[PDB]
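Here is upload-v7.cif, consisting of mmCIF, C-alpha atoms:
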```cif
data_input
#
loop_
_atom_site.group_PDB
_atom_site.id
_atom_site.type_symbol
_atom_site.label_atom_id
_atom_site.label_comp_id
_atom_site.auth_asym_id
_atom_site.auth_seq_id
_atom_site.Cartn_x
_atom_site.Cartn_y
_atom_site.Cartn_z
ATOM 1 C CA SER A 1 -101.466 -89.941 1.052
ATOM 2 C CA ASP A 2 -99.874 -87.495 3.535
ATOM 3 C CA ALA A 3 -102.137 -84.395 3.168
ATOM 4 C CA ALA A 4 -105.224 -86.249 4.501
ATOM 5 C CA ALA A 5 -103.093 -87.894 7.234
ATOM 6 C CA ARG A 6 -101.662 -84.478 8.228
ATOM 7 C CA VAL A 7 -105.247 -83.232 8.687
ATOM 8 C CA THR A 8 -105.885 -86.168 11.072
ATOM 9 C CA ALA A 9 -102.635 -85.401 12.948
ATOM 10 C CA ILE A 10 -103.666 -81.754 13.496
ATOM 11 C CA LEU A 11 -106.895 -83.040 15.122
ATOM 12 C CA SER A 12 -104.939 -85.529 17.290
ATOM 13 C CA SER A 13 -102.787 -82.702 18.746
ATOM 14 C CA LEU A 14 -105.957 -80.677 19.519
ATOM 15 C CA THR A 15 -107.334 -83.625 21.560
ATOM 16 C CA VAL A 16 -104.131 -83.580 23.676
ATOM 17 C CA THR A 17 -104.485 -79.798 24.292
ATOM 18 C CA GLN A 18 -108.069 -80.340 25.559
ATOM 19 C CA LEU A 19 -106.984 -83.062 28.011
ATOM 20 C CA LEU A 20 -104.398 -80.589 29.392
ATOM 21 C CA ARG A 21 -107.090 -77.882 29.832
ATOM 22 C CA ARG A 22 -109.257 -80.317 31.862
ATOM 23 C CA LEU A 23 -106.263 -81.252 34.075
ATOM 24 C CA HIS A 24 -105.507 -77.560 34.806
ATOM 25 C CA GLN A 25 -109.229 -76.872 35.471
ATOM 26 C CA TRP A 26 -109.130 -79.557 38.216
ATOM 27 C CA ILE A 27 -105.912 -78.126 39.756
ATOM 28 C CA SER A 28 -106.953 -74.438 39.498
#
```

In structure tokens, write the structure found in this file.
Amino acid sequence: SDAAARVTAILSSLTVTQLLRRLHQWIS
């Protein structure tokens, strides 16, 4: 099963983008 796993991977990358937004919010 790769289609369902790919859906989970897309969500994992989004979590990383959010962590980056919080880091930038603290710096600027």

Length of the atom CA of residue 14 of chain A to atom CA of residue 28 of chain A vector [Å] =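 It comes out at 21.0 Å.
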
Let me know the centre plus edge lengths, in Å and rounded to one decimal, of a box with edges along x, y and z that contains all listed atoms of segment 5-22 of chain A and is padded by 3 Å on every side, as AutoDock Vina command-line options.
```
--center_x -105.5 --center_y -82.9 --center_z 19.5 --size_x 13.6 --size_y 16.0 --size_z 30.6
```

Atomic separation - atom CA of residue 7 of chain A relative to atom CA of residue 21 of chain A, Å =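 If I compute the distance from atom CA of residue 21 of chain A to atom CA of residue 7 of chain A, I get 21.9 Å.
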
What is the distance between atom CA of residue 24 of chain A and atom CA of residue 11 of chain A, in Å to one decimal?
->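 Interatomic distance, atom CA of residue 24 of chain A to atom CA of residue 11 of chain A: 20.5 Å.
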